[PDB]
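S.K.:
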Amino acid sequence: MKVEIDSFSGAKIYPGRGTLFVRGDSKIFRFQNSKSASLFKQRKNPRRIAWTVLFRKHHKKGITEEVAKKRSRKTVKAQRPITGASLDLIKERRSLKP
Amino acid sequence: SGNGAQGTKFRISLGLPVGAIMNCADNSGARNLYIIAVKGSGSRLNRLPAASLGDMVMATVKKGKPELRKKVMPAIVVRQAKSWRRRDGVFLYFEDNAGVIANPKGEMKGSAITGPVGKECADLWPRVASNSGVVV
Amino acid sequence: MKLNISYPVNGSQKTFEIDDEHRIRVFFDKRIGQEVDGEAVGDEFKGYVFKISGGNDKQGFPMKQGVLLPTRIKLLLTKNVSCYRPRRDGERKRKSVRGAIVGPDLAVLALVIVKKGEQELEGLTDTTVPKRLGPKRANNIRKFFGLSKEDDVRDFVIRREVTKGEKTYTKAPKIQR
Amino acid sequence: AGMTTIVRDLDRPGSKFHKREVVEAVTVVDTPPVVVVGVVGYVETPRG
Amino acid sequence: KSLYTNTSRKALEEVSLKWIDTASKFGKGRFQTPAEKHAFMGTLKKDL
RNA sequence: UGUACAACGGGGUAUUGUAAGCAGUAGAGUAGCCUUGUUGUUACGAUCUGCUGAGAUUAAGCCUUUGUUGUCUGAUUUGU
RNA sequence: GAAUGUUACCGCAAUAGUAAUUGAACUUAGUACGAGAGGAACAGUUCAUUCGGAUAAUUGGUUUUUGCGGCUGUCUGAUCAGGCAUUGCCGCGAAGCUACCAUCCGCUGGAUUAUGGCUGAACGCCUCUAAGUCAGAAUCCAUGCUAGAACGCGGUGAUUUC
RNA sequence: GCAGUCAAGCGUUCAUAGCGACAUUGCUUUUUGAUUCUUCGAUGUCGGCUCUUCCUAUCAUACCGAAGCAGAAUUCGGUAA
RNA sequence: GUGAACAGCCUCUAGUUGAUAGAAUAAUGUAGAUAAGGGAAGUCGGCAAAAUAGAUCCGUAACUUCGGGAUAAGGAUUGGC
Ligand SMILES: [Mg+2]
Ligand SMILES: [Mg+2]
Ligand SMILES: [Mg+2]
Ligand SMILES: [Mg+2]
Ligand SMILES: [Mg+2]
Ligand SMILES: [Mg+2]
Ligand SMILES: [Mg+2]
Ligand SMILES: [Mg+2]
Ligand SMILES: [Mg+2]
Ligand SMILES: [Mg+2]
Ligand SMILES: [Mg+2]
Ligand SMILES: [Mg+2]
Ligand SMILES: [Mg+2]
Ligand SMILES: [Mg+2]
Ligand SMILES: [Mg+2]
Ligand SMILES: [Mg+2]
Ligand SMILES: [Mg+2]
Ligand SMILES: [Mg+2]
Ligand SMILES: [Mg+2]
Ligand SMILES: [Mg+2]
Ligand SMILES: [Mg+2]
Ligand SMILES: [Mg+2]
Ligand SMILES: [Mg+2]
Ligand SMILES: [Mg+2]
Ligand SMILES: [Mg+2]
Ligand SMILES: [Mg+2]
Ligand SMILES: [Mg+2]
Ligand SMILES: [Mg+2]
Ligand SMILES: [Mg+2]
Ligand SMILES: [Mg+2]
Ligand SMILES: [Mg+2]
Ligand SMILES: [Mg+2]
Ligand SMILES: [Mg+2]
Ligand SMILES: [Mg+2]
Ligand SMILES: [Mg+2]
Ligand SMILES: [Mg+2]
Ligand SMILES: [Mg+2]
Ligand SMILES: [Mg+2]
Ligand SMILES: [Mg+2]
Ligand SMILES: [Mg+2]
Ligand SMILES: [Mg+2]
Ligand SMILES: [Mg+2]
Ligand SMILES: [Mg+2]
Ligand SMILES: [Mg+2]
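Chains as they are written, first to last, in the numbering used here: chain A, 52 to 149; chain G, 88 to 223; chain L, 14 to 190; chain B, 48 to 95; chain Y, 2 to 49.
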């Protein structure tokens, strides 16, 4: 049960909702509703239609706290040593100096 | 339908009543197909016998190689444009109505098929299945 | 589907398999790189944070970092990039590829482990494998052992022992630079 | 009350749409329980 | 109830709903829950 | 005289597609006063931008409601 | 809709109407039959035609929601907000209505006809028939379904005082 | 226009599977004629559109009998509107 | 005022606001509109209706009584500042 989005508008298309348009180049276009699907036919540019998903993304609107990071590092640091030389002789004999 | 067509067909919104003229989509020489009938269609005083995906019609060629003109022949609807709806609730429709010339037993006439083709059509017609590049 | 889980700190990797799609659904709509808590994947994995690295869909096609979508696209690929080993000079080729965002069409899901949970996963946290090779260039030996350019390499290098049946031998690298 | 859509897998060994999702229409009737408040009895008569 | 017993098969099939549409029906509904609506367009002038 | 009912007001829902006001170093450019420029300056310029998915309408046969106000005995008729 | 005391609620059913239709694919089965060429059917399955009764989750149509946005003239000094052009024009447009252009649903018992039979005389034999009798059709009667006799009916509640 | 009876003949053989001469018996009233009873102080005069209903001398659909019915297809017939 | 304009459409002067009224918005109409996919299959017939439409620029056939045909046909383009 997929939930495609409107290739124009941008909102989700729960099953059986809206229309689907197969163009000559065999590219598929789904529309939540008549509105976008018309505004699609009307040669309208998604980046010009203010409420569209593509408009807000291109015009930097309402992102706020995605406009910051998160937390995704870790830890490692061990000694699997060089292979074929007794991997124990590489932790011990690694006595260093400085 | 009737002969050569392996399978059933769930009902799809008829989009091509007789006299409709649709883009031909094979290398037959034919550019268009003009519907004179529909195989399988029923009778009701003043109903035009109409066509949909996977239907076998009877058609002629209006514009094409002269050896296809002035004679009737089978043909198979492959593109609708009249928005039909499937049992997964999808209201989908191609950009143009279109079909390919074929034989009684239901085999192609040309090498390949130019453009998309409905699943509904391919699933029904083994020979179409081959040539049809993209499907649905 | 299938999860190819890799432990980077220990060089481990096992291919676990999960049915029960409600379990899988944790991964859906998650981009390549997004982390995942383990308890949602199972209980054996509880705690274990998972970083999402790669994977494959039906028909085998590969994913590709930074493409979004949960579908296939046909890209023009160059040198120095994923899913394409060029054959000829400045050869570009147009090949299909799977989107980065996880969906129920994936045959395998390449995961890595970021953190450990409250259970030693069998062929993973328990078992270890050796970095198959060792330092070879000068100051790379020196900085693998931390020596201060004094301690003279020559013997501060690893030496692999290989038995000639009844003549066990000693072969080292070759210190360049 | 009204109606709505439903999705379900189809079990119908034979159909080209077997074991596949089908969106379907349904109607919701409001049914808060009924209270019993009497009992009436009926007889057979050769005229009803 | 039914005045006969339908062997039908077409009826007999125990069905199991996957999903039930709860988007508004007072027009072109988009979001199921008021949560889902929030988890999409986010925070507004009233709102937060 | 109450789980009342109504007029509004509130919240949900829904349509349109970003209100007026103000600001800006946006803007093809342009006027005038010199103190004739090492952003001279004050204006003025279709359109743009920000507050602003803003404003506006939303039961007239949508949903809802601890708020506000108000309303709750006129008429006629009937008998084995 | 007056009148069979008033008023109310729950029901019975005379009579009347009545409804479903046709095809194909799979499978049977490359089977039975045939030297071959050829080449079925009953059971089961999936769909379809014509017909009919609904219904508006979805999709489409409809637009005086004159609901929001835009445009043209002109008029209110400009601004804001507006007026006029038989709804000025335009894109979108909820609600409602609505479309095999959308979706849903369309029951099973009996009795018979033709016909094939059992038993069986008349006629020491014979015969489905004369007595008797079995099986049987898109028919018929029911079942179901729609009306409910405003002069067909039952059950039940309440029955007034200036 | 439709349906009979006799059965010489056709059907290799074989009158009546399916047909039928010479004759002869009928039915029908969607043909056309014959009539001129009714309306000339007016019954609006073709066809199509549309909608209903009825007839059966049944094209298809249900179940049957028959064949010059091996199968397939077809034909003749019964109950059937 | 817009515009080629005494055209249409809005306004100034002047003159009107005269034509039974109230309440609703069933069928069917008179007048005004729109429709998915098809495209005259409708019908005696495209009846009706839809399509076209200004101007600047490009481009233009047969045939001709050389005056035409001819806005032939076919294209582009058009606000604001
Ligand atoms: Mg709509
Ligand atoms: Mg007709
Ligand atoms: Mg020609
Ligand atoms: Mg904005
Ligand atoms: Mg009303
Ligand atoms: Mg309040
Ligand atoms: Mg008295
Ligand atoms: Mg009295
Ligand atoms: Mg029928
Ligand atoms: Mg076979
Ligand atoms: Mg033989
Ligand atoms: Mg209807
Ligand atoms: Mg609608
Ligand atoms: Mg307006
Ligand atoms: Mg406009
Ligand atoms: Mg201003
Ligand atoms: Mg005025
Ligand atoms: Mg006027
Ligand atoms: Mg129907
Ligand atoms: Mg019934
Ligand atoms: Mg008898
Ligand atoms: Mg009565
Ligand atoms: Mg006759
Ligand atoms: Mg003879
Ligand atoms: Mg014989
Ligand atoms: Mg006469
Ligand atoms: Mg007279
Ligand atoms: Mg008269
Ligand atoms: Mg008369
Ligand atoms: Mg009769
Ligand atoms: Mg014989
Ligand atoms: Mg008058
Ligand atoms: Mg009036
Ligand atoms: Mg419109
Ligand atoms: Mg149309
Ligand atoms: Mg339209
Ligand atoms: Mg034509
Ligand atoms: Mg015609
Ligand atoms: Mg004529
Ligand atoms: Mg004619
Ligand atoms: Mg005309
Ligand atoms: Mg039009
Ligand atoms: Mg002319
Ligand atoms: Mg310009």
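Every residue, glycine too, gets a C-beta built ideally from N, C-alpha and C.
1) With 16 other CB atoms within 10 Å as the buried threshold, where does Y:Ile21 fall?
2) Go to L:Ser19, then tell me how far its beta strand (DSSP E) extends in each direction, as first and last residue.
3) Quick test of your reading: Y:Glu14 and B:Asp58, contact by CB under 8 Å. State the CB separation rounded to the nearest angstrom.
4) Using the Cβ count rule (16 or more neighbours within 10 Å means buried), how would you classify A:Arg124?
5) Does DSSP classify G:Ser130 as helix, strand or coil?
6) Closer than 8 Å, CB to CB, is Y:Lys38 near chain B or not?
7) For the putative contact between G:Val105 and G:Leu135, defined by C-beta atoms under 8 Å, what is the C-beta separation to the nearest angstrom?
8) Just grab the DSSP bridge partners of L:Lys64 for me.
9) Going by DSSP, what residue range makes up the beta strand (DSSP E) through G:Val215?
10) Between which two residues does the beta strand (DSSP E) holding Y:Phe32 run?
11) Is G:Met143 helix, strand or coil by DSSP?
12) Nearest chain A C-beta to B:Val73 closer than 8 Å, yes or no?
13) Determine the DSSP secondary structure at A:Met52, reduced to helix, strand or coil.
14) If we require 4 or more residues per run, which alpha helix (DSSP H) segments fall completely within the stretch 71 to 128 of chain L?
15) Is it right to say G:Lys150 is buried, meaning 16 or more other beta carbons lie within 10 angstroms of its own, or is it exposed?
16) To be precise: take each residue of the stretch 81 to 112 of chain A, compare its Cβ to all Cβ atoms of chain Y, and keep it if any distance is under 7 Å. Which residues remain?
17) I'd like the span of the beta strand (DSSP E) that includes G:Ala209, first residue to last.
18) Of the residues L:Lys144, L:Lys156, L:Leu146 and L:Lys128, which one's Cα is nearest the Cα of L:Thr138?
19) Taking only beta carbons into account, state which residues of the stretch 174 to 192 of chain G come closer than 9 Å to chain B, listed in chain order.
20) Report the start-end ranges of each beta strand (DSSP E) in the stretch 167 to 210 of chain G that is 3 residues or longer and not cut off at the edges.
21) Going along chain A in order, which residues have a C-beta closer than 7 Å to the C-beta of Y:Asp22?
22) Any idea if G:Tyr180 is buried or exposed, counting beta-carbon neighbours within 10 angstroms, 16 or more meaning buried?
23) Buried or exposed for G:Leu120, please, with buried defined as at least 16 other CB atoms from any protein chain shown within 10 angstroms of its CB.
24) Could you give the distance in angstroms between the alpha-carbon of L:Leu88 and the alpha-carbon of A:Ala88?
25) Among the residues of its own chain, which have a CB less than 8 Å from the CB of B:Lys66, if the five just before and after it don't count?
26) Where do the N-terminal and C-terminal ends of the beta strand (DSSP E) with A:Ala136 fall, by residue?
27) Going by DSSP, what residue range makes up the beta strand (DSSP E) through Y:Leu13?
28) Is DSSP giving L:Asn153 helix, strand or coil here?
29) Could you work out which residues of chain A lie near B:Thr52, taking near to mean beta carbons separated by less than 9 Å?
M.R.: On the basis of the data shown:
1) By the Cβ-count criterion, Y:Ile21 is exposed, with fewer than 16 other Cβ atoms from all chains shown falling within 10 Å of its own Cβ.
2) Where L:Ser19 is concerned, the enclosing beta strand (DSSP E) stretches over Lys15 to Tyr20.
3) Contact between Y:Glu14 and B:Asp58 holds, with the beta-carbon distance rounding to 5 Å and staying under 8 Å.
4) That one is exposed.
5) G:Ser130 falls in the coil class under three-state DSSP.
6) False, the Cβ-Cβ gap to chain B never drops below 8 Å.
7) About 5 Å; that satisfies the 8 Å criterion.
8) Paired residue(s): L:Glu48 and L:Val125.
9) That residue, G:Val215, is in no beta strand (DSSP E); its alpha helix (DSSP H) goes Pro213 to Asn218.
10) It is not in any beta strand (DSSP E) - Y:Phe32 carries neither H nor E in the DSSP assignment.
11) It is a strand residue.
12) So no, B:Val73 is outside the interface.
13) In the three-state reduction of the DSSP assignment, A:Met52 falls in the coil class, being assigned neither a helical nor a strand state.
14) Fully enclosed alpha helix (DSSP H) runs of 4 or longer: not present.
15) With fewer than 16 other Cβ atoms within 10 Å, it is exposed.
16) The stretch 81 to 112 of chain A vs chain Y, Cβ under 7 Å: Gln83 and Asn84.
17) Where G:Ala209 is concerned, there is no enclosing beta strand (DSSP E), although the alpha helix (DSSP H) it sits in stretches over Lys206 to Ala209.
18) Residue L:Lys128 is the option with its Cα nearest to L:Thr138.
19) Answer set for the stretch 174 to 192 of chain G: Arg174, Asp175, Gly176 and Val177.
20) With a minimum length of 3 residues, the continuous beta strand (DSSP E) runs that stay inside the stretch 167 to 210 of chain G are 178 to 181 and 185 to 188.
21) Residues of chain A with a Cβ closer than 7 Å to the Cβ of Y:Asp22 are, in chain order, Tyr65.
22) So G:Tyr180 ends up on the buried side.
23) Flag for G:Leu120 reads buried.
24) Rounded to whole angstroms, L:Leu88 and A:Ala88 show a C-alpha spacing of 27 Å.
25) Excluding residues within five positions, the ones whose Cβ falls inside 8 Å are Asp56, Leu57 and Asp58.
26) For A:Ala136, there is no enclosing beta strand (DSSP E), since its DSSP letter is neither H nor E.
27) Element bounds for Y:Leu13: n/a, residue is neither H nor E.
28) DSSP places L:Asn153 in helix when its eight states are reduced to three.
29) Here the neighbours are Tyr65, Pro66, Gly67 and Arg68.
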